[PDB]
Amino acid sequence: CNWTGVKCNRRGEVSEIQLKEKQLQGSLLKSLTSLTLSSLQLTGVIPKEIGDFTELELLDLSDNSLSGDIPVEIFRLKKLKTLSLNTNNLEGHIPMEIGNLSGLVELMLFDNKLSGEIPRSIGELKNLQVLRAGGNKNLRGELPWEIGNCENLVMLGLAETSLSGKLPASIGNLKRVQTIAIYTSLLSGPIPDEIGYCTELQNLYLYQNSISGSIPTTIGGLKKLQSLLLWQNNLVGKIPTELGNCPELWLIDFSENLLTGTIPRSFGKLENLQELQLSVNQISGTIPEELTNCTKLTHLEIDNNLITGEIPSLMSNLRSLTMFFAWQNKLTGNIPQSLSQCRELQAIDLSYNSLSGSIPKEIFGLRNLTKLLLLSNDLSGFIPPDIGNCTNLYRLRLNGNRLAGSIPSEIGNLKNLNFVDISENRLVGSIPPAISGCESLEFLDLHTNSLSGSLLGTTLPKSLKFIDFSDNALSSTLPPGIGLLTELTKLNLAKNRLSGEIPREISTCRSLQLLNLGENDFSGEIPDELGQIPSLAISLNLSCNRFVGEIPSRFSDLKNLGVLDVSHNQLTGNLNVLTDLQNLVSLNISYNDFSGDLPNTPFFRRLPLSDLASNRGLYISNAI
C-alpha cells in the first residue's frame, strides 16, 4: 500500500509510517514497526494508546509542539530501539518504567520542559548507546549511580540542566563512552578520578558548573582524548603533567578557574594541539619553550594569570598561530621580533605586563594582523615607520607606555584602521597631516603626551567619531575646519595651549554630544553658535579659559545638556538664560564675574554657596 510515507512488510501488512517537513496543526494497524511524525507542528498530548503498538521499534515524535507528560504506557513497548521525543514542550518526570525498554539504543529527550530526576532505572538499559536529555532547565538531582550500568553508552549529554552534585565514580565503568557533555549545569564537587577508566573518552565538556577540587591526574591515561572543556568552574591545583600523554588532544580550555602552578613542559609532546586556553587563573612560571613545539597551535590564550619571564623567541616555530593573548601577566623583556615569523597572526594582545624595549618593526609586517594591543607596559622608543606596512590593522592600542618621537606619517597608509589609542606616552612634534589618509578612522585618542604645534581641519579624517587630544602642548587656534567633521560625537581638547575665539563653524558638528575645551587660553565671547548644537548632551566644559561677556541667550536651547562647566573664566551678567534647562544636572559657574539673583529652586539651591562666593553679585532670592 504505497502512496508515499507508507511502507509495508512482506506479508502485506502496514509496517512503517513516515511524515516530516510538512505544515500542520492539532493533536495526532497493529503490525506497525516504525512511526515518524516529525516536524509537523503538532500540538496537544501524546495519546497513551501509543503504547498499544507492540511491534514498535522506532518512535520519533521530535520537533513538534507536544505537551503534557511522557505517557508511561509508551514504556510498554518492549521492542523500541529508538525513542526520539526531543524539541517539544513535554513536562514531568522521566518515568521509572523507562528501565523496562530492554532493547532501547537511542533515547532523545533534549530541548523539552522536562523536570525531576533521572530514574535509577536507566541502569537497566544495557543496549543504551546515546542518551541526550540536555536543554531541560528543571531536570535536577544527581546523576544516578546506576548510569555505570549502561555498558554500551557512547554519547551522554545532560547540558543546560539543573543536574547537581558530583559525577558518580560509576562513570568509570563506561568503557565505551566517547562524549560526556554536561555543561552550563549545577554540578559541584570534584571530577572523580574514576573517569580515567573510560578508555574511549574523546570529548569531556564540564564547563560552566561549580566543580571544585583539582583536575584528576588519571585524565592523562585517556589515549583517545581530543577535546577537554573545563572552563568556568572552581578547579584548583596544578595542571596534570600527564595531559602531555594524550596524542590526540587538539583543544584544552581551563579558562576561569583557580588553577595554580606552572604550564607543563610535557605539552610540547602534543603534536595535535590547535587551541590552548588557560585564561583567568593563577598560573605562575614562564611560558615553557617546549610549547613552541606544538606546530598546529592556532589559539594561545594565557591571559589574566601570574606568568613571569620573557616571551620565547622560538615562538617563530608556531607557524599557524592566529591568536596570541598573554595580557594581564608578569611578562618582562623585549617583545621578540621572531613573533613576526608567525605570518597568520590575527590578534596580538600583550597588554598589562612589564614588557620593555622598542616595539619590533617586524610585527608591523604582518599582513593579516587586525588587532595589536600593547597597552600598559614599559615599552619605549619610536613607533616604527614600518607601521605603514600593517595593511589590515583595525584596532591599535599602544597607550600607557614610554613611547617617544613623532607619530610616523606612514600611518596614513592604513585604510582599515578604525580605532587608535596612543595616549599616555612621550610623543612629540605635530599630529601628521598624512593621518588624513586613514579613511576608516573613528576613534583617535592621543591624550597625555607632548604633542605640539597647531591643529588643522585638513589634518584629520572626516569619519572621526571620537577625538581626545587632551593634556598636550597644542597651540594656536581651533581651526574653522573643525566644522568638517560631522560624525564627531566627542571632542576633548582640554589642557592645552589653544587660543583665539571658538570658531562659529563648530555649529556644523551636528553629532557632537561632548565638548571639552577646558584648561586652555581661549578668549573672547562664547559664540551663539555653541547653543545651536541640540545634540550637545553629555558634557560642555568651557572652564579655565579667558572667556568674557555673557552666557549667550542661545544657551537656553541646549535642552539635553546634563553637565555644564564654565568656571574659572571672566564671564559676566546673570544666569537667567539657564533657568529652564530641565535636564541640567551639574552646573559649575564658580570663579567668574557673574552677578544677579537666582530663583529659590531645588536646582539653584543645590549650588554650593562657595560657588556663589567666588562670583561678583550672585545670590538666591525669594519670589514675591
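One-based numbering along the sequence shown.
According to the entry, the stretch of the deposited sequence that connects residue 28 to residue 29 contains 4 to 9 residues lacking coordinates, which leaves a gap of moderate length in the model. 364 to 372 and 417 to 425 differ in mean CA B-factor, and the higher of the two is recorded for 364 to 372. For the pair 551 to 559 and 47 to 55, the mean Cα B-factor is higher in 47 to 55. Comparing C-alpha B-factors across 569, 586, 36, 576 in the deposited entry, the largest value falls on 36. Based on the entry's C-alpha B-factors, the most elevated value among 256, 271, 505, 146 belongs to 505.
In the deposited entry, the Cα temperature factor of residue 126 sits in the top third of values across the chain's modelled residues. Per the deposited record, the Cα B-factor of residue 302 falls in the lowest third when ranked against the other modelled residues of its chain.
Ranked by Cα temperature factor within the chain, residue 73 sits in the highest third according to the deposited record. Ranked by C-alpha B-factor against the other modelled residues of its chain, residue 113 falls in the highest third. Among all modelled residues in this chain, the alpha-carbon of residue 530 has a temperature factor (C-alpha) in the highest third.
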